[PDB]
Amino acid sequence: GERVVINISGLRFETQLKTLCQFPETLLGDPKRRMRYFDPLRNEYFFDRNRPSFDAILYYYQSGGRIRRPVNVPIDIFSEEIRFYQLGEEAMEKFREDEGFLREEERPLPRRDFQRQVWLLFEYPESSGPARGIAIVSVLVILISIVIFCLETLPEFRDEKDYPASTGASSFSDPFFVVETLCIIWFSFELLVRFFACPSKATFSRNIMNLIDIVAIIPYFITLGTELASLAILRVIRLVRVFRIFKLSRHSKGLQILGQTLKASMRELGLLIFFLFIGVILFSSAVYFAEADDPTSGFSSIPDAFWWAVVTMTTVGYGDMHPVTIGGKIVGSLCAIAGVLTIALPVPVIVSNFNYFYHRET
Amino acid sequence: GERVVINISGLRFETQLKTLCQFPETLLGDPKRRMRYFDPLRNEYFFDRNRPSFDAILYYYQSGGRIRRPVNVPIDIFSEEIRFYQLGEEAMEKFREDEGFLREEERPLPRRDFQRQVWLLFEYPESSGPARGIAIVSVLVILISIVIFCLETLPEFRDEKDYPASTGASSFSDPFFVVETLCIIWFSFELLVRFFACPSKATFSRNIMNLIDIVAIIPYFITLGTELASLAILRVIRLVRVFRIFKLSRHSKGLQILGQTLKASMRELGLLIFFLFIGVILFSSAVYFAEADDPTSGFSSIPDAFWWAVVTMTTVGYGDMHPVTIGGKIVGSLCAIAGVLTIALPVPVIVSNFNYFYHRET
Amino acid sequence: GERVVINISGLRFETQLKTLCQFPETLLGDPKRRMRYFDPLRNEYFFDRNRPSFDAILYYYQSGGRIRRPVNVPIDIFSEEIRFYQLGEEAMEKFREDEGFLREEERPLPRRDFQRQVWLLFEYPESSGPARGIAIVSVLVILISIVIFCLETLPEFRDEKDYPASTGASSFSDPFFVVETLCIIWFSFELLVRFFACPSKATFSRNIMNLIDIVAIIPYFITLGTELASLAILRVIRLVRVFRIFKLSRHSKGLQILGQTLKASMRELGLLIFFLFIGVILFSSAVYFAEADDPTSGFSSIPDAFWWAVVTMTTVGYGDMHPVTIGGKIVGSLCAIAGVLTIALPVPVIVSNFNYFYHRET
Amino acid sequence: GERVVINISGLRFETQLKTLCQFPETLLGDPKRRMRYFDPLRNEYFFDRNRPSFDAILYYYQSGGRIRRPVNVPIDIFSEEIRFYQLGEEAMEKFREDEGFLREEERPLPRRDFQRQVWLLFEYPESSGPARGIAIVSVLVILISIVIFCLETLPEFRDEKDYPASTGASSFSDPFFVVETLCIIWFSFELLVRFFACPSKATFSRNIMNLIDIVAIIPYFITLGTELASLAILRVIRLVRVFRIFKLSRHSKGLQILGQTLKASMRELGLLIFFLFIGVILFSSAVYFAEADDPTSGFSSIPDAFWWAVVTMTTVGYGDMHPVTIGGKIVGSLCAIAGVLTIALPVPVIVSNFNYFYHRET
Amino acid sequence: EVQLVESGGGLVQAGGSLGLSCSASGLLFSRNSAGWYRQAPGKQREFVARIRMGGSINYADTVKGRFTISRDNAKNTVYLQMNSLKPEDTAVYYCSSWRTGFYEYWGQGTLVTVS
Amino acid sequence: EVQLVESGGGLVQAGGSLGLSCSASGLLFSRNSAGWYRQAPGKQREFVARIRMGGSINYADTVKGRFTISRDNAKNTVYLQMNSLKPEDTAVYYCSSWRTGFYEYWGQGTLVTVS
Amino acid sequence: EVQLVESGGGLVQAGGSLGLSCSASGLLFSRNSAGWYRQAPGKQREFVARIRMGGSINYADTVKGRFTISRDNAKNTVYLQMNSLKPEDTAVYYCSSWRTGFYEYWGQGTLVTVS
Amino acid sequence: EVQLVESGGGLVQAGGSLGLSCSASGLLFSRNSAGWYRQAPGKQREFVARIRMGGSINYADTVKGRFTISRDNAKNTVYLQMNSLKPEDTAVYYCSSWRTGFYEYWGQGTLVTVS
Ligand SMILES: [K+]
Ligand SMILES: [K+]
Ligand SMILES: [K+]
C-alpha cells in the first residue's frame, strides 16, 4: 500500500492511500483537486491551516464516518475546516448532530395561490401589518373571555336574581351572555379558517394547540344544545371552561417552553408526588399516635392529620391544628425538616430541563 | 538497551525494548504479533490510529499498570484502543474502575431445577407473564393494607361501639379483621416461598427488604398470641404497623435510590440537626429575655419558646405566639433570616448525592 | 512562494512568506526585527518560549485578525506572549474583548481650573479628606430624612391635633417641618453644585441617579407652591416621597449591582409574573368549584379565592380561609406543590446574572 | 550560546545552555547528574517519561521560577515528575501553593518533660485512653450546664417561691445552684490547667475558643461577688450565660467550619440585611398608603406594617394583620414575590464558601 | 343533615308586636343568603324580607316599615321583628337560606294569625 | 388533674321538669364524646343519653321524647333537660367523657328521685 | 355605606343619671378614634369627651368628673355614662369616629335636656 | 399605665356572704399569677388566696373552705367568693398580679369588716 504524507503547517500527518480513497468524492480523495496543493520537490501536500483540527479530519477517513470536534478547537474554526476539506453536507449535519442542535424547519405552505396567502396571513404574525393586527385582536379577545368567566361568577351583579331556585337564557337581556357569544363567534370563525386553509388536513388533529381550540369551543355548544333541545354533567362542563387560559399559548414562547419542560420530565414529577405521599402517611400516623392520649388534643383520626402533614412539609404552615404534647412537637419538627429535604431532591432535574429548553431558542 | 521506534500516523514515539517486554503477553510485547505491523524499509512499526490515545497506552508499559484516559479522547475511541492493543480484560476493568462505573451483577440462581425455576418466577418480574401478574397482585395487596390501617382508625365505623370501656376479636364479625388476616396470609406465604427457594440461605438475613418483610409480619402475630394466650407494649406495637409502607420499596426504583442517598449522607443530616438545635437554644433564649417584662407578652419559659423558634426558622410560621415588643421583633427577624441561612448550608451535598445515585442507573 | 521555518523550542512551525507579511509592522513581518533571532546555520528562527501559545499567534497571521487563547494556556502567559511578538494594542484589546472584560473608564474632568477642582471634591469621595467628610454628611442627611418620613406618619405626636377635620403649615412650630426643610435645603444645594460644576451639561439629564435627585426634590416644592398659591394629587405626592430611599444608591456598590441585575433580566421577571397569573386563575377556579356546595364553606366567588391562591403558592400561607371539603384539600395540596415548582423555574437565571455583575467589580 | 537537545520519548525539546544553568543545583543543570542520561551516539539526552509534563518543567527553567501544571496531566503524575527532575522542596511547595492547598501544621509542644506530657493529654484527645475520657467528660458537663440554664427558668420548680417580691442564695438548699457551682468548678480547673501547661503563654489570649472559656466563666463570678459584696447589669448578665452553647465548638468540626464560613462572608451578610431593610421600608409604606382609607383596615402607622413586611417576604407568613382592600392585595403579592427574589441573591456565595471549607478538611 | 327550626308563632290581636326566630346547624349563616317567606291561605307564598349575604336588606310592599330582618351573625340565628300586626297578615310563615345555582333549604313553618 | 362536677339534683314530684349540668376543666368537650349515665337502686347503671362528638344524639327507650342532651360547646358544658319525670326514674346519676381505646373519665354523681 | 346611630336621649330633671350609646357598622371602632360632641342652642358644638384609639381619655372642663366615655371594644359600641345632669347641659348631642388626614363620620343626633 | 381596681367592699354582720372583684387593663391575667391579700389592723398583710397561672389554687389556714378565688380568664377579671364571714376577718383587702423576677403590681384597696 503506497503512503501519502500531508504536512499541515510543519506537522507531518501520514496515512495509507487506501484510507483516503474510502471516500472518493472528497477533496483529499479526488486525485485532481488534491493535485493542486501537492509540492513535487519534497513529495508532501503543504497546507497552511489550523493544526488541532486536521487531526479530527483524518479520523473521519480512517473511521468510516465518525466526525467529533477536538475540545480545544472553537466551533467556528471547525465548521470552516469541514468546508475547505469538502466533506459534504451529510458530514456537516452529522457535526451539528454531535453538537446536538435542533435542525427541523418544515413549513409546507400549500402553494395553491389563495390557501397559501391567507395561511401566511393567519399563521405567521410577523409577515405583514394585518397579521400583527390579527394577533393583537386575538389576544384581546382571549383576555376579555377570561374576565367574563370570573366576573360572571361574582355575586354583585346577580343580586337582582339572588332568590331561592323554587319560584344561558336566550332572552338576550344578560350582557354576559351576548359578550360571551361574541367571543365564541370569533373563536369559531378563526378555527374554521385555520382548518380550511391548512396545507395538511390529515395532521390537523395532531397539533395540541388545535385540540385546545376544540375543547375551548365545546361546552358552550353542548349547553346551548341541551338548553334548547344532565345535573351530573353541569358541574364538570362549568370547569372545562377554564381551558381558555391555555389557549393563550399560541402567542407566548414562555408557555410553550413550560409545556416542553413538563412533558420531558414526567418521571421526576411522579417521584415528587410519590415521596410526598410516603411522608404524609408516615408523619400523620406518628403525630396521631403521639398526641391522642392528651384530653385537650384535636387529632381524632389518622385521615385527619393528613392536611396538617401536607402544609407543615411544603411550609405553607397553617395546619388544621398544632401539636400540644412534647411528643407531637418532636414529630412536628422532624416533619418540617423532612418536608423540604424530600421535596428539594427531584427539583434540580426539572430546572435543568427548563434551562436547556429555554436557551435552545437561541 | 536496544530502542524501538513506533510511528502512529507520522508521530514518532520511541522507548527501550525492556519497557514493552515488562508485559509480555500484550500485542507490542509479543514478538510474533508485533512483527506483522513492522516495516523493514525504515525500521519503524507504522500503525494508522488515533494520535491522542497511543500516548496513554505507552504510559501503561512505562508505569507498571496505570491506565488513565487523556481528557480530550472520548470514552468510545479509548475503549476500542485498549482492545486493538490487546491489554487484557484486567486492563479494561481498571479503565472502568478509573471512570468509576459499578461492575457488580452477581445473580447466583441455585440451578437445582425447581428451586431455580420458581426463584425466577418470584424474584425477577420481567421474566414471564405470571411474574408480572405476581408483581401486580403484591402491589395491590400492599395498597389495601395501608387503606385498612387508616380507615380502621377512622371513627365513623366504630360508632356502633363508641361506648365507655368499663361496661382483634376472633368473632370474625369485624370486616377489618378478616381482610387484615387475608393480607397477612398473603405476606406470610410469599415470604416463606422466598425463603425456601433462595439460592443463599445464609445471606437471607442480610438483605434489608427481607428484614422489612419480617418486621411487617411481627405485630399481628404477637397480638394474636397474647390475645389468645402488656399495656406498655400495645401503644408501640400499634405504631410498628406503619412499616408496611416501606415494604413497597421492592417494586420501586425511586425509593431504593432515596435509601441509598440517605445512607450515604448521614454526616450531613447530623450536621443539619445539630445546627438546628444550636439556633433553637440561642434564639428562644434571646426572645424570652427581650419580651418577659411586658405584662401582655406570652413567653413564660425558655422551654416554651422552643416551638416558636423551630416554626419561624424552618418558615412553617405558625408560632405558639408572636412578639409584641420592639426587641422581640428584632430577635424574630434575625431568627427568620438565620433559619434559612443555617438550613440551606448542608443541603447541596444531599442533592448532589441523590443526583449521582439517580443517574447511575443509566 | 518562499517558505519560512520558525522553531519555537524544537517544535517546527512553517508558513508561506506572504502570510506573515499581511501584517507588516509586526515582529515576525518586520524584516529587521526578525533578523536578530534568525540563525543562518540551519535557516530557522530559534526562539525559547511557551510551546502551546505560539500556535495561536500563527493563526492570527493566517486568519486576518482572529486572536483566540488556547484553553490550556493561562491568561498571564498569553498576555505576555502577545507583547513579545509585538501584535499591537489593537490586538491586546481584542484579546481582552474575547475574554469579555469591561474596558470603559471615561472620566472627562473639565480642566477649567475651579470647575475641575470642586468636581474632584464632590464626585470622587476617596480623593481627599473633606471628600469623605462630604460623603459621610450626605449619608447621614439621607438617613434622618427617612426617619422623618416614618416618624411623621406615627400617631403619638399628632395627639395634640387628633381632632375631626371640620372645626405643611409655615408657622414653623412643627419640628418635623423645619427639619424636613433643612434636608431639602441640603439636597438642593448639593444638586445645584453638581449641575454647575459638571464637565458635560448635555449628558446630565441622562444619568439615572441625577433623575433620582430631581424626583426626590419635586413633591415638597409643589406642595409648598400649591399651599401658598388637588385632592386627587395629594395621595400620589405623599407616596412619591418614598424615593429618597433610592437616593442612597450613589454611596453603595450593592444597590448599583442590583440595579444592573434587575435591568438585564426583565424577560425573566415578566415570565415569573405571567406564570403566577396563570396558576392563580387555574387553582382559584378549581377550589371555588370543588367547595361551593358545602353549606359551611367560605369561597363565594372566583375573584375571592385569588388571595388564597397567591399566599398558598408563594408559601406565606395565611389564606383568606382554608378548604373544608375532601376535594378542596386535593386542589390545595396540588396548589402548594405547583407554586414552588412554577416560581423556582426562572430564578436561576436571575441569580446567575447577579453573580456575574457581582464578580465583575473585581 | 551552545544548544542542548533533550528527547523525552521521541519528542525533541531544545533550549540554550544558559537557560538550564540559571538553576545550577537541579538535575538538568548539574553537569554530572545529567551526564548519565546523555547518549553520545546522537548527542541527545534520552529519557522515557510522560510527554505532557516535560513541557512544564522546561518553562520553569525559561521563566525564572513559575511552576504551573498543564490541565491534562493528573496531579499524581506531575508530583512524581518534579521529584525525578529534582526541582527542590521550595519548588514542590510552590506547586502545592498553585493548587492552593493549606500547608500549616504548627504544633509547638513545649518539650519541658511534664508541661509537654499533660499538654498532650489535655489538648489532643486521640492520643491516649484518658484523653478520650476527658473529652467525653467535658462534653457531658457542657450538656448538663445547658440543661440547668433552661430548666432553671422553667416555672414548675419555683412554685414553692412564686410570691410577690415585696415580702443565687448561698444557703445551698437550691439544687440548681450546687450543680451550677460544680459545672463552673470543672470549667475553671480545666481552663487553668490549659493556661499553665501551654507552650505559648503570649498567644493564649488570641485563640477565640480561649476567649469563649473566659466569657463563659465571667458572669457567675461577678454575680457571686456583687451578691456577697446593679439592676441595669442584671438583665444583660442573665443573657451572657447563653454563650456556653458556643463553648461546645472545641469538640465539633462542623461548628468550627460554620465559624470559618461566617467569618469569610461578612460582605454578603451585610448585603443581605441591607436589601431586607430597603424592601421593608418600600413595601410597608406602599401597603400603608393603599389601605388607610378603608374604615375596617388595621394599619395605623408606617412603623406598624414593618412586622407584616418582614414575615411576608421571608415567608414565615403570619403577619400582624392581612390586607382587606384590592390595592393592599396587589402590594402584598408583589411583596411576597420580591422577598424571595431579594433574599435568594447573596446566598449561593455563602453556600459555596461553606462547601469549600467543608471539603478542605479532606 | 341540615335543619331550619323556628319559633315565636301563635295568634295576635290588632296592633300587636312579635318576633319569630330561625336557627340552624350544618349551615353557618355567616356565609349564606337568607329570608323569611309567608303563605296566606288561598294563594302561593310571598316574601316578608330578604337579607342577601353582605347586609343588603329588601322587604315587600305589605311589610315595609313594620318589619326588620337581622342576622345576629352569632349562634347561626336570623331574627325578624314584626310590628303593629294587621288582619291581612294572617298566614303561615317559613324560613330559608340558599346559594344561587347550588342549594336551597327550608324551614318547617310557624304561623302568626292576627285578630 | 381532670374533674367532672355536676349539679341540679334533689327530689321531684310527678310530672316535674329539671336540668342537670356537667362541667369540666382539663378536658375540652369540643374534642371528646360524652353522655349521662344513671344507676337505679338494685341493678347496674343504664344510659340516659349519648352525644358522640359531631352531634349524633341517641337515647335509651325509657327516656325517649322526655330528655334532651346538649353540649353548649362553650364553657366546656354538657346540659341534660329532663321532662315530665316519673317514679321509675328514681336513681343516682353520673356524667362521663371518653376516647375509645385511650381514656375514660367519670363524675362524682348527683341524684334525682321522683315522688 | 356607613352609619352612626345613637339612643338614650330625652329630658331629665336636676341631679339625673343617664347613658347615651353610639353603634355603627361598616367601621370597626377597635381601629378608629372616637368621641361625643354636643351643641348648645345658640353657639357651635363643644366636646363632651374623646377616647383616642389606645385608651387615652380626655374630657372638657364642663363635664369633668360627671362623665365617662368607654368603648366596649365589642359590638362596635361606644357608651357615655353622664351623671348628676345640670340645666347648663341642655343641648343636642352628636357622635363621631375619624382618622386624621383621611375620613370623618358623624351621627344623626340625640338630645338630652335637663330640667 | 397599669391599674388594679376593685369593688365589693363595705361592712357585713355574722354569717355573711360576699364577693370582691379585681379587674385591670394593661395586663392580661391569662398570662400572669395573681392573688388577694388582706391587712388586719395592727399587723402586716397576710394572704387570703393565690391562683398561680395554670389553675393551682392555695389558701391560708384562716380562710380554708370559706373562700374561693377564680379567674374568669375573660374580661381580665379575678373574683373571690368569701362565705360565712367572721369578726376575726375585719380588715382592709388588696389585689395583686406579678411575674417572679420581673414585676409586681398592687390594687388600691377595698375593705370588708364583719360585725
Ligand atoms: K415558607
Ligand atoms: K408559612
Ligand atoms: K400562618
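Using the numbering of Swiss-Prot, the residues shown for chain B are 103-269, 287-348, 359-491, in order.
Quick reminder: no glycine exception, Cβ is built from N, Cα and C everywhere.
Going by Swiss-Prot, these are the annotated features:
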LIPID     B:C317  S-palmitoyl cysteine
MOTIF     B:444-449  motif 'Selectivity filter'
TOPO_DOM  B:317-327  topological domain 'Cytoplasmic'
TOPO_DOM  B:382-397  topological domain 'Cytoplasmic'
TOPO_DOM  B:418-458  topological domain 'Extracellular'
TRANSMEM  B:235-253  transmembrane segment
TRANSMEM  B:295-316  transmembrane segment
TRANSMEM  B:328-348  transmembrane segment
TRANSMEM  B:363-381  transmembrane segment
TRANSMEM  B:398-417  transmembrane segment
TRANSMEM  B:459-481  transmembrane segment
Selection from B:235-253, B:363-381, B:459-481, the stretch that has most Cβ pairs under 8 A to the transmembrane segment (B:295-316): B:235-253
Sequence-distant neighbours of B:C317 (S-palmitoyl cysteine) in its chain (C-beta under 8 A, six or more apart): B:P212, B:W221, B:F323
Positions on the same chain near the topological domain 'Cytoplasmic' (B:382-397), where near means CB under 8 A and six or more residues out: 327, 375, 475, 478-479, 482-483, 486-487, 490
Outside the transmembrane segment (B:328-348), six or more residues from its ends: residues with CB under 8 Å to it: 287, 289, 299, 303, 306-307, 310, 313, 359, 366-367, 369-370, 372-373, 375-376, 378-379
Per Cβ pairs under 8 Å, the stretch of B:235-253, B:398-417, B:459-481 packing most closely against the transmembrane segment (B:363-381): B:235-253
Unmodelled stretch of 10 residues - C-alpha distance in Å from B:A348 to B:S359: 12
Surrounding residues of the transmembrane segment (B:398-417) on its own chain - C-beta under 8 Å, 6+ positions past either end: 391, 428, 430-431, 433-435, 437-439, 441-442, 452, 457, 460-461, 463-464, 467-468, 471-472, 474-476, 479
Unmodelled segment of 17 residues: Cα separation of flanking B:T269 and B:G287 in Å: 18
Counts by DSSP class (helix H/G/I, strand E/B, coil) across the topological domain 'Cytoplasmic' (B:382-397): 12 helix, 0 strand, 4 coil
For the topological domain 'Cytoplasmic' (B:317-327), distant same-chain residues with Cβ under 8 A (at least six beyond the ends): 210-212, 217-218, 221, 388
Same-chain residues near the topological domain 'Extracellular' (B:418-458), Cβ under 8 Å, at least 6 residues beyond its ends: 405, 408-409, 412, 464-465, 467-469, 471-472
